[PDB]
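Here is the structure we will look at.
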Protein chains: 2
Amino acid sequence: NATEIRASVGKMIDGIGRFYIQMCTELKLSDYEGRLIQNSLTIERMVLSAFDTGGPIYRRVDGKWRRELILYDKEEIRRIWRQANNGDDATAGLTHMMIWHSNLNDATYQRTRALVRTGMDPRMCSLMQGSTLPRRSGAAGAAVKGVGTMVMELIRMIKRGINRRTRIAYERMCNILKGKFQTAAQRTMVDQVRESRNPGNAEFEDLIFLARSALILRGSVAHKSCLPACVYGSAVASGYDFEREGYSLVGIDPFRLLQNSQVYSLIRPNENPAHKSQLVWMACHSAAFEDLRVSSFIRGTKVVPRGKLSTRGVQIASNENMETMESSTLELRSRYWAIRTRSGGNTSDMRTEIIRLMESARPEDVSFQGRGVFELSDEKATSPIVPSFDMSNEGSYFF
Amino acid sequence: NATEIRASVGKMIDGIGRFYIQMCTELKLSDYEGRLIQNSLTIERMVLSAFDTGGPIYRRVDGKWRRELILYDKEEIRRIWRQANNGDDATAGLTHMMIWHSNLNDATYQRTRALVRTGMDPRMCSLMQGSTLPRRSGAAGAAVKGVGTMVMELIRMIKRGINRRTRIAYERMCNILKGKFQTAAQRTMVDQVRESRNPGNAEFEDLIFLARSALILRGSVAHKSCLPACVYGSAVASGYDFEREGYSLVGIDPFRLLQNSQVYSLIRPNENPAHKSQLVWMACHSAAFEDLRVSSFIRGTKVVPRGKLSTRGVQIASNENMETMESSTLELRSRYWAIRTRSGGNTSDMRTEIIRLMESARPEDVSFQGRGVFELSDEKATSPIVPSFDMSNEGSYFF
């Protein structure tokens with residue numbers, strides 16, 4: 001059923017577009033200045049703030065870039081927003097940029113300080129997908145969350161409490177949690193946790209276990225390709241009428257759109273452009289915890305690890321100066337595309353059950369058997385391509 | 001009358017055999033792989049589930065053991081089953097494996113969590129024979145139940161209620177209960193309990209008493225030697241045609257059969273084979289609450305207590321891995337054999353009557369006077385052998 005799902009989400013994409021265009025028309029920005037991922041970000045956040053303000057806005061004068069600090073009627077923003085969505089709320093829409101930000105943050109930063117202070121192992125990076133994503137996120141907003149993400153929450157919710165209506169949350173938060181697991185025991189053990197009203201260290205220690213079980217017996221976590229507002233604004237302005245022509249966040253749509261996007265970015269004096277583009281590209285698909293090998297394969301070019309990456313962050317801090325600042329054109333095109341999946345793959349004390357399953361598991365264990373990559377011409381999911389990694393690679397752990 | 005009883009039960013044994021063989025022929029297992037108590041179990045449970053599914057199936061490749069997770073048409077299973085029993089249901093047959101599982105569980109595990117949560121003393125182990133045995137078990141299925149087993153039920157049935165047709169159950173459940181006792185007062189006091197429609201703590205407290213009376217003035221509880229499906233499958237395949245040659249569950253038949261069985265078992269890296277065999281052997285005769293002294297006497301070799309036993313359970317959990325897994329040949333042969341009995345032995349406020357009887361009772365009080373053990377040649381019950389326990393023994397309480 002390509003009617004609702006493909007076209008209803010198109011309508012949510014149209015809104016973001018239209019809005020971005022309106023909002024650019026207010027700031028009286030130029031074309032080059034509306035394609036500046038920097039300005040786009042600021043706008044996106046102005047809105048999510050107002051629906052739950054001012055921000056940094058960069059301008060282009062003969063030669064150099066001028067940063068403007070501006071403020072807008074928090075309500076005016078809310079007004080312009082609905083105008084674009086037919087006076088609707090389109091929570092989906094706000095939630096969408098709510099994720100684009102997430103996926104950018106899960107790739108720009110490593111959230112160790114928080115994991116440890118929670119009592120999670122810092123090496124549990126690949127499980128913190130969407131830890132930045134405000135709880136306000138929608139129902140299809142949490143589905144993108146990693147197993148580890150959920151645990152950090154419950155553990156804090158529990159840690160302060162064990163240190164009224166709050167209950168329905170906890171059970172559900174677990175049901176979701178449990179719905180991440182895709183194996184008997186995994187599933188069953190979550191229940192054994194959800195049994196206690198005042199779950200103390202008994203649980204505190206057990207979920208942490210299950211957290212680690214997912215490192216081997218992963219769960220189902222959806223990935224959503226959420227592009228910057230500018231990309232959708234520009235597309236809408238170019239005539240693309242997505243609600244009519246349909247759009248996806250896990251199909252070929254997002255890659256194809258990024259195959260023509262003209263996004264620019266501010267870039268510090270010593271930073272590497274190629275390295276900058278990489279970053280953004282990984283935020284456009286939630287590939288911050290993907291196997292670098294595959295990311296590079298699909299990308300078309302080296303996908304260098306975080307450490308070796310030359311950049312501190314896409315947003316420009318108030319600290320920096322504009323004199324020594326310039327801007328490059330972001331390389332967002334990719335070689336092939338792939339169905340962003342949700343599945344994690346698979347081959348007494350319920351712990352034992354898992355520990356026993358954990359064991360038989362080898363890192364070499366092939367997942368998504370038969371699934372492959374698609375050419376950018378292959379609109380339909382017709383012919384798949386299987387990658388062979390016998391190759392001089394460059395790692396697998398972005399972090 | 002050795003016609004119906006000996007041959008009708010043979011026919012139920014043929015069914016299990018035949019079926020196991022058919023079912024092995026489907027899974028395309030090998031001879032060694034059909035003798036693996038592990039696989040046998042899985043099959044047995046696949047069936048009891050379907051008559052009231054998939055399971056763990058271990059395979060043998062060059063060197064190492066491969067665990068397959070498989071699923072079968074719940075109805076297909078039911079189809080193959082009847083095919084083996086002449087299109088009959090042979091509830092007896094399912095009930096038989098229903099017990100083999102029971103007797104294995106009453107020996108592999110100690111069910112304390114449940115006794116206490118019911119309000120029974122954890123030290124009432126020797127009275128929980130068949131607590132695992134689904135209520136679906138047949139009429140000759142409950143006869144195997146310990147006095148304590150019944151109490152845990154009524155107490156829960158009562159505890160939730162006191163906290164329509166359900167009545168005929170309660171009275172009968174007591175009549176059975178009462179039919180366990182083999183002394184005046186014991187018998188009479190059960191009636192005094194069965195008098196109340198809504199039996200509250202009045203009863204709750206009284207049966208618990210009677211539970212403890214059985215620790216001294218035991219009741220009649222039948223023991224059934226129920227071997228794994230593989231053992232009967234293998235036997236049937238070897239030509240033994242039990243319905244014609246007769247078979248028992250409380251005679252020499254079961255021991256004799258186990259004198260030639262070639263059963264193999266998966267065994268964890270640090271576990272003791274000799275210790276593994278012991279376990280299974282005790283499940284083959286419901287000797288999980290027998291006096292270790294006698295068990296070892298008949299066994300032929302030390303029957304070590306549960307604590308000192310090196311093993312966690314015969315079934316392999318999903319947690320574990322196969323790399324560090326190997327398999328041994330189970331020692332199920334015994335020195336002598338003995339008529340598995342049913343009898344527990346024997347020498348105002350009806351409580352008083354019992355308490356007074358309780359008293360005169362000494363642990364040294366000899367039971368089954370004159371009854372002895374038989375050589376494995378002594379097919380007939382001809383010549384009995386009396387054991388003398390003056391000896392450096394190793395305990396009496398498996399638990």
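Read the figures in this text as sums done on the coordinates, not as results from a lab. Cβ placement follows ideal geometry from the backbone for every residue including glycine, while neighbour counts extend to all protein chains displayed.
For B:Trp65, A:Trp100, the sequence from fewest to most other C-beta atoms within 10 Å is B:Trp65, A:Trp100. Note on B:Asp88 and A:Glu323: their simple-model spin labels are 10.1 nm apart, each label 7 Å out from Cα toward Cβ.
The shape of the stretch A:235-347 comes out oblate: with a ≥ b ≥ c from the C-alpha gyration tensor, a/c is at least 1.5 while a/b does not beat b/c. For the stretch A:31-148, the square roots a ≥ b ≥ c of the C-alpha gyration tensor eigenvalues yield an a/c of 1.5 or more together with a/b not exceeding b/c, which makes the shape oblate.
Taking the inverse of the mean 1/r over every pair of distinct Cα atoms in chain B gives a Kirkwood hydrodynamic radius of 22.5 Å.
Summing charges over all other residues whose Cβ lies under 11 Å from the Cβ of B:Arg299, with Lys and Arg as +1 and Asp and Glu as -1, gives +2. Legend: ranking of residues A:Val294, A:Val280, B:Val366 from fewest to most surrounding C-beta atoms inside 10 Å; resulting order B:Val366, A:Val294, A:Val280. Distances between copies at B:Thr91, taken between label points 7 Å from Cα along the C-beta direction, are 5.3 nm in increasing order.
The other copies place their B:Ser348 label points at 5.1 nm from this one, listed shortest first, where each point is 7 Å from Cα along Cα→Cβ. Based on the Stokes-Einstein relation at 37 °C and a viscosity of 0.692 mPa s, and on the Kirkwood radius from alpha carbon pairs, the protein assembly as shown is assigned a translational diffusion coefficient of 103 µm²/s.
Here the dipole of chain B is about 900 debye; that uses its Cα centre as origin and unit charges on the Cβ of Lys and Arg (positive) and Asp and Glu (negative). Counting neighbouring beta carbons within 10 Å and listing from fewest to most, the residues A:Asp390, A:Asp88 come out as A:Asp390, A:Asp88. Taking 7 Å steps out from each Cα toward its Cβ at B:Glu76 and A:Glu75 produces label points 6.8 nm apart.
Distances from B:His275 to itself in the other copies, using label points 7 Å out along the Cα-Cβ axis, amount to 5.7 nm in increasing order. Given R0 = 30 Å, the distance between the Cβ atoms of A:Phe368 and A:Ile176 translates into a calculated FRET efficiency of 0.80.
Across the stretch B:127-142, coupling constants 3J(HN,Hα) worked out from phi with the 6.51/-1.76/1.60 Karplus curve, θ = phi - 60°, read 10, 9, 5, x, 4, 8, 6, x, 3, 3, 3, x, 5, 9, x, 7 Hz, and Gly and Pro carry x. A cut-off under 14 angstrom between Cβ atoms defines the neighbours of A:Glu68, and their net charge, with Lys, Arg +1 and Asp, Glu -1, is +4. Calculate the FRET efficiency for B:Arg342 and B:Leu215 from the Cβ-Cβ distance with a Förster distance of 25 Å, rounded to the nearest 0.05. With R0 = 25 Å, the Cβ-Cβ based efficiency is 0.90.
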